[PDB]
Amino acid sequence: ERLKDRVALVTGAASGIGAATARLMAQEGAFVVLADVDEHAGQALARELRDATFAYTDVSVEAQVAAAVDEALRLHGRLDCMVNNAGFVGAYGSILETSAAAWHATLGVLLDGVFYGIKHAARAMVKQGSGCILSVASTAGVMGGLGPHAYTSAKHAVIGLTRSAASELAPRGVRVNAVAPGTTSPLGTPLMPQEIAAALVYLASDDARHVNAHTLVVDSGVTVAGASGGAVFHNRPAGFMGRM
């Protein structure tokens, strides 16, 4: 029970990483406000979890993000943890043919939603003098070639906004961090949404009170330690090239 009586708001909570995070935070003792556009699935999960409630929220619409934060405050009087999460990809294909409309629609969810979430959650938290704002980015936020163009730009932007927001909010007592799931392994076993949930709970816990502006990467080491490419150097009888 690492989040006993904490109040968490999780966006995109009706499926994937968002649902796994709502479940795990509830299991860890939090009061969870589930925000999503899937009303039927969102309500079903709210019924399943103890003391959770659902709030229809399209994170591309600032007023709805503000209203979700406000509803969390109306129900519980405080907000301890904000999770900016979306199970969404958006525009794909060649940069030569990506329309401005597809570009803007993608950034509206993947970037504006994070900005609105940080803005309005921070408004609630700076009054408390405490709080944790967490965004589900992606390894496409740390390097290219791992996702579509708009996806990769938005996710890099989310890491930049995470770091920038942390620099304003840290002296106010508020931490801002991101988790970067892989686009999924060198370890041979599949990455599950529950593991991303567990990374978010770690970051929200008091254990992580000095983890700030950090991007916690969960990708089996692909972005910094490609295991296939290493084999030509490592998977060999130990030897020495050159003069001893």
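The numbering used is simple: start at 1 and walk along the sequence shown.
Participant: Can you count the deposited residues that have no coordinates between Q27 and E28 and report it as none, 1 to 3, 4 to 9, or 10 or more?
Facilitator: The entry has no gap there; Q27 and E28 are joined directly.
Participant: Taking the mean of the C-alpha B-factors per stretch from the entry, tell me the winner out of 14-22 and 221-229.
Facilitator: Per the deposited B-factors, the answer is 221-229.
Participant: Mean C-alpha B-factor higher for 149-157, or for 135-143?
Facilitator: Between 149-157 and 135-143, it is 135-143.
Participant: Between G113, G129, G90, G93, which one tops the list for Cα B-factor in this entry?
Facilitator: Among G113, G129, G90, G93, the highest C-alpha B-factor in the entry belongs to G129.
Participant: What third of its chain's C-alpha B-factors does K119 belong to: lowest, middle or highest?
Facilitator: Lowest third of the chain for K119's C-alpha B-factor.
Participant: Using only modelled residues of the chain, where does the Cα B factor of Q64 rank: lowest third, middle third or highest third?
Facilitator: Ranked within chain, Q64 CA B lands in the middle tercile.
Participant: Which third of the chain does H104 land in by C-alpha B-factor: lowest, middle or highest?
Facilitator: Answer is lowest: the recorded C-alpha B-factor places it there.
Participant: Would you mind checking where the Cα B-factor of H40 ranks among the modelled residues of its chain, as the lowest, middle or highest third?
Facilitator: Its C-alpha B-factor, which the entry lists for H40, ranks in the highest third among residues of this chain.
Participant: Going by the entry, which third of its chain does the Cα temperature factor of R163 land in?
Facilitator: Its C-alpha B-factor, which the entry lists for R163, ranks in the lowest third among residues of this chain.
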